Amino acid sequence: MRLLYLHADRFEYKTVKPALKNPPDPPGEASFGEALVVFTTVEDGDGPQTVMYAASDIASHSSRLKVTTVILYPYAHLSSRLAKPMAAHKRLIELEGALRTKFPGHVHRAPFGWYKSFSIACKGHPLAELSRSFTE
């Protein structure tokens, strides 16, 4: 699993066209104020262990930034060892559940399987942009 942590002043997205034959989540849109936006690429061989490590780290980074909202944003573009869409969806669902066991704030999992438009204002501080990998 490959992740990009973006500490945002604000974030919003809207699904547009389906990116998969049949997206496993319904379409939608949401917007937020200050949040950690976690661009999440599920990789082949990610399993429950991988999810749990990632959940703990997101939690720990969120605490360090004093943020109370995390967006789990499915992203197909952070690596060249993608898991297939069904495995990917499953792991993102597990990640959402796992994060709630480690982090007390708002967790928003954005829909999987769509192209999206988005807008973000990413903060300038030294820890506002970082990437992290997890495996098992």
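In this text, residue numbers run from 1 along the sequence as written.
- Of the two segments, 28-36 and 74-82, the one listed with the higher mean B-factor is 28-36 (C-alpha atoms only).
- Per-stretch averaging of Cα B factors for 17-25 and 123-131 places 17-25 on top.
- Note on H89, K102, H108, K66: the highest value goes to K66, judged by CA B factor as recorded.
- Among all modelled residues in this chain, the alpha-carbon of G45 has a temperature factor (C-alpha) in the highest third.
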